[PDB]
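See structure below.
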Amino acid sequence: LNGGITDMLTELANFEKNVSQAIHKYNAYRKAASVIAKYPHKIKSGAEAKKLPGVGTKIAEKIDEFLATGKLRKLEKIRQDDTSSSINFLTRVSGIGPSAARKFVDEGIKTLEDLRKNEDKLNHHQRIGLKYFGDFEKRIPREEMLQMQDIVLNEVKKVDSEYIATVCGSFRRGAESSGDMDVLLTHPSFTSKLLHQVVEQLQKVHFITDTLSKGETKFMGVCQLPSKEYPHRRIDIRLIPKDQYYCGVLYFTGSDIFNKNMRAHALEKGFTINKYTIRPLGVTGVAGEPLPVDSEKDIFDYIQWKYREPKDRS
DNA sequence: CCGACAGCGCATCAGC
DNA sequence: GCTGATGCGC
DNA sequence: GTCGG
Ligand SMILES: [Cl-]
Ligand code: NA
Ligand code: NA
């Protein structure tokens, strides 16, 4: 219906984020692109789109130019600009943000090949990002996600049967494909080397292949199913305290729209929902001590809601 | 008119 | 050497 | 860039 418009807005969004370094303009374009994508009519004018929440004067004007000419002069110029397009492209490498991309392009390093012959200028993360550039941009079919879950749940329980691990994100919502694997981890001995032992076992059975970052609570790395040959995949593992675990599962399961609606409804019922804890608000707005949570349902019961299945959380 | 627009873990830099 | 800021991803 | 106090 409006794919030409949403691609335009998405392309504008990236350039604001990657080149202009205007993160708020980036989100504004994405928000507009998103609301337009859910609009069930073929937009005929900018004024029509202006009615939608997140679409203001400037975007309405851009849509008018797009509907009348089939293009955007501003975009056409940006696409042909060597500096801007190179900066924009380099940010696709995990570990290279707008700042690093700008530095590289300043030094004549503009392509994937330029990065390869300039390894000395790349940090550890960026080298991993360069190494698996293609693989990281691939989606992960649910069948592989299931096999990945099998390995993670098996090895985690092997380290200690008292661990609790949940694969969250879109996979838990029942998506047929995922961008990465997000694992939440907890243990009864952890409340408000547990993570290391789990990471160590997973790289012992050669599931985890690389490490982007690793601390006491958060691991970010690369993994691969055993074998053609499966592409390397992004995997994160978070160690969360037991009393904050199910607030974490709720949050990291999503979706974003669902979390917003649930947080808003929580306010009207007199509660505030964090990624960590759920707390009651006093008459003056003073938040009290965190409420005891032992499951996802408890959060819904606190704010008088029927437990929503992850499958229905859009 | 003009401030909010999420916030945090980890890696690594800038200053001392 | 340490502390705080910055970049990055999410 | 858009919304809203
Ligand atoms: Cl809190
Ligand atoms: Na609007
Ligand atoms: Na990047």
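Computed over heavy atoms, backbone and side chain alike; hydrogens, waters and symmetry mates excluded. Letters A, B, ... are given to chains in the order of the sequence lines, protein chains preceding strands, and every chain is numbered from 1.
- Taking A:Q147 as the reference, A:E143, A:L225, A:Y230 meet the side chain to side chain contact (heavy atoms under 4.5 Å, CB included) condition, with sequence neighbours excluded.
- Regarding A:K218, its NZ atom lies at a distance of 4 Å from the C1' atom of B:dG9, rounded to whole Å.
- A positive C1'-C2'-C3'-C4' dihedral is found for the sugar of C:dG1, placing it in the north range.
- Contact check on A:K74 versus A:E65 returns no salt bridge, with no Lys/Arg side-chain nitrogen under 4.0 Å from an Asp/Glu carboxylate oxygen.
- Closest contact between the side chain of A:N123 and the listed nucleotides D:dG1, B:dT12, B:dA11 involves B:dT12.
- The pentose of C:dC10 is categorized as north (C3'-endo side) on the basis of a positive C1'-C2'-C3'-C4' torsion.
- Rounded to whole Å, the distance from NE2 on A:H124 to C1' on B:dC10 is 12 Å.
- Spacing between atom OH of A:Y251 and atom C1' of B:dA6 amounts to 7 Å, rounded to whole angstrom units.
- Electrostatic pairing of A:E155 and A:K158 counts as a salt bridge here, judged by a charged N lying under 4.0 Å from a carboxylate O.
- Taking atom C1' in both B:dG9 and D:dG1, one finds a spacing of 30 Å when rounded to whole Å.
- Distance, A:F252 CZ to B:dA6 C1': 12 Å, rounded to whole Å.
- A:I23 comes within 4.0 angstrom of no nucleic acid atom, judged by non-hydrogen atoms across all strands.
- Put simply, A:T57 has no side-chain N or O that comes within less than 4.0 Å of OP1 or OP2 on D:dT2.
- Taking the side chain to side chain contact (heavy atoms under 4.5 Å, CB included) definition, one finds that A:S99 meets it with A:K103, sequence neighbours left out.
- Using a 4.0 Å cut-off between a side-chain N of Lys or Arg and a carboxylate O of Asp or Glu, A:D64 and A:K62 do not qualify as a salt bridge.
- Rounded to an integer number of Å, the gap from A:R127 CZ to B:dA11 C1' is 14 Å.
- For A:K103 and A:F219, each mapped to the nucleotide of DNA chain B holding its nearest heavy atom, the one lying further toward the 5' end belongs to A:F219.
- With a 3.5 Å ceiling on both atom-pair distances, B:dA6 lacks any Watson-Crick or G-U wobble partner.
- With sequence neighbours excluded, no residue forms a salt bridge (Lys or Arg N to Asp or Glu O under 4.0 Å) with A:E48.
- Using a 4.0 Å heavy-atom distance criterion, A:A100 is classed as a sugar-phosphate-only contact.
- Among the protein residues, A:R102 comes within range of no part of the nucleic acid, since none of its heavy atoms lies under 4.0 Å from any strand.
- Here B:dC13 and B:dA14 show stacked bases; the six-membered rings are centred less than 5.5 angstrom apart and their planes meet at under 30°.
- Atom-to-atom, NE2 of A:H24 to P of B:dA6 comes out at 8 Å; the value is rounded to the nearest Å.
- Residues satisfying the side chain to side chain contact (heavy atoms under 4.5 Å, CB included) test with A:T209, not counting sequence neighbours, are A:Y132, A:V222, A:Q224, A:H232.
- In this structure, CG of A:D256 is placed 15 Å from P of B:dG7, rounded to the nearest angstrom.
- Here A:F133 pairs with A:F89, A:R92, A:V93, A:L112, A:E137 under the side chain to side chain contact (heavy atoms under 4.5 Å, CB included) rule; sequence neighbours left out.
- Separating the OH atom of A:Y29 from the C1' atom of D:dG1 is a distance of 6 Å, rounded to the nearest angstrom.
- Chain A approaches DNA chain C within less than 4.0 angstrom (heavy atoms of the protein), and the contacting nucleotides run 5' to 3' from C:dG7 to C:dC10.
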